[PDB]
Amino acid sequence: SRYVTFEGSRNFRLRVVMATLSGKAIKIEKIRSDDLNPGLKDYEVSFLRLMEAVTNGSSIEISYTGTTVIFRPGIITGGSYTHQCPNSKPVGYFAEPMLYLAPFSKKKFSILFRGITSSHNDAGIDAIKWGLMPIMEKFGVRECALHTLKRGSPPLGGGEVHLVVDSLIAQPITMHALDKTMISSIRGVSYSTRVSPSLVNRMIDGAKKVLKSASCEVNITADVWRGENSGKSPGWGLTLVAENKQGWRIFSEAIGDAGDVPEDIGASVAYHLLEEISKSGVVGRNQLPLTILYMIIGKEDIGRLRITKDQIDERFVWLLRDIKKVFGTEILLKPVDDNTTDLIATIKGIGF
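Sequential numbering from 5 applies to the sequence shown in the entry's author numbering.
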């Protein structure tokens with residue numbers, strides 16, 4: 005019973021994913037044991053269920069009170085499978101960490117996700133489609149898509165999305181990127197469900213108003229969903245994706261609740277995009293966990309990725325901590341030769 009021991013609900017999915025990638029068994033204890041109703045939440049249990057489905061030989065054990073979990077990783081198998089998500093977490097919650105496994109399995113990942121497709125705290129479908137997967141492609145994952153069959157806005161939901169990754173590779177290519185990602189165009193997806201195309205347009209208006217000074221192209225795809233294919237509830241949101249011709253992407257997202265002013269929601273996403281670009285190196289904060297991990301599991305060899313001082317936040321520290329425990333690998337930061345305070349994250353692969 006050799007375990008790497010973690011504490012709390014923090015990075016629960018990330019830690020479970022790392023356990024699977026490294027083959028190290030882990031033990032997560034004292035989960036929310038200092039809160040009203042400690043233990044795992046229904047969506048984390050659902051998550052563990054998803055894991056068992058896409059792997060083989062995995063043995064999971066949970067205490068009676070659910071405050072601790074013991075995860076012994078199996079082999080990343082994949083295949084076809086449908087997963088029904090509880091109303092507590094949207095599809096992105098389950099789909100995002102599947103990105104970390106799919107390309108490294110024995111069979112294509114063809115996973116159908118049913119449930120809500122949107123929230124305020126999880127990765128939206130567009131963000132995964134146009135914000136995360138492009139980064140996977142830069143690491144050698146050629147074919148990987150997320151098909152939106154049905155959008156399912158909260159609270160009723162009824163959405164349905166299909167994760168299929170045709171490209172199976174041994175490991176991510178070693179990454180060498182020392183330059184700050186230069187944005188040459190801003191794209192995106194403004195969507196709504198079971199409502200008038202008014203909301204979508206007013207969001208684009210609000211977004212374009214703060215982005216007016218842009219000397220680059222700025223066009224946003226409008227994506228109005230009506231009828232039964234749009235889900236059970238009304239809803240709307242905006243995903244802005246800044247990009248260059250090298251395949252890099254910086255993004256931000258937000259959804260609107262009934263009563264929110266679309267122009268303000270639209271403007272808000274554009275402000276966060278500009279913030280995220282301002283603070284970014286090669287990638288934005290919302291992409292580091294994926295990028296860093298793909299580097300760590302690359303062939304035994306040194307990779308390099310420019311980051312910003314602002315990107316070394318609480319979240320980032322914890323990311324490296326957990327990585328230290330599970331893989332052993334520690335990250336070295338090197339001040340860039342230019343006249344800024346940016347660093348070059350130097351990361352040696354493990355030999356996946």
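In this text, a Cβ means the ideal position worked out from N, Cα and C, and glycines have one as well.
(message) Please classify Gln250 as buried or exposed, where buried requires at least 16 neighbouring CB atoms within 10 angstroms.
(response) exposed
(request) Identify, in the order they occur along the chain, each residue of the same chain with its Cβ nearer than 7 Å to the Cβ of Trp322, setting aside the five sequence neighbours on each side. (result) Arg14, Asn15
(message) Going by DSSP in three states, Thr24 sits in which element: helix, strand or coil?
(response) helix
(request) Please say whether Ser122 and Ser171 have beta carbons closer to each other than 8 Å? (result) no
(message) Three or more C-beta pairs under 8 Å: does that hold for the region 220-237 against the region 141-148?
(response) no
(message) Let me confirm a value: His180 is counted as buried when at least 16 other C-beta atoms fall within 10 Å, else exposed. Which label applies?
(response) exposed
(request) In angstroms with no decimal places, state the Cα-to-Cα distance between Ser5 and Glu267. (result) 56 Å
(request) Run through the region 44-83 for me and flag every whole beta strand (DSSP E) of 3 or more residues, listed as ranges in chain order. (result) 63-66, 73-76
(message) Among the candidates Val95, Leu182, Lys45, whose CA atom is the shortest distance from the CA of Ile35?
(response) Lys45
(message) Using the three-state DSSP reduction, which class does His276 fall into: helix, strand or coil?
(response) helix
(message) Just list the residues that DSSP pairs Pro339 with in beta bridges.
(response) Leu347
(request) Determine the direct distance from the alpha carbon of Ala271 to that of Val214, and round the result to whole angstroms. (result) 6 Å
(request) Return the chain-ordered list of same chain residues with a C-beta closer than 8 Å to the C-beta of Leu136, the five sequence neighbours on each side being excluded. (result) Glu100, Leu103, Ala127, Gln291, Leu294
(request) Going by DSSP, name the residue or residues bridged to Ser122. (result) None, per the DSSP bridge assignment.
(message) So for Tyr298, helix, strand or coil by DSSP?
(response) helix
(request) Could you pull out every unbroken alpha helix (DSSP H) segment of at least 4 residues lying fully inside the region 173-224, listed in chain order? (result) 202-214
(message) Under 8 Å: do the region 257-267 and the region 299-311 share three or more Cβ pairs, one atom per stretch?
(response) no
(request) Output yes or no for whether 8 Å exceeds the beta carbon distance between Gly302 and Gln175. (result) yes
(request) Please state whether DSSP places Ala271 in a helix, a strand or coil. (result) helix
(request) For the beta strand (DSSP E) containing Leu242, list its first residue and its last residue. (result) 239-247
(request) Helix, strand or coil for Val145, going by three-state DSSP, please let me know. (result) coil
(request) Compute the distance between the beta-carbons of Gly161 and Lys93, then report whether it is under 8 Å. (result) no
(message) Is the beta carbon of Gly353 closer than 8 Å to that of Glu304?
(response) yes
(message) Taking the alpha helix (DSSP H) that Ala127 belongs to, which residues open and close that run?
(response) Premise fails: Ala127 is in no alpha helix (DSSP H) and is neither H nor E.
(request) Report the three-state DSSP secondary structure of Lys303 (helix, strand or coil). (result) coil
(request) Use the C-beta contact count for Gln88: other C-beta atoms within 10 angstroms, 16 or more gives buried, fewer gives exposed. (result) exposed
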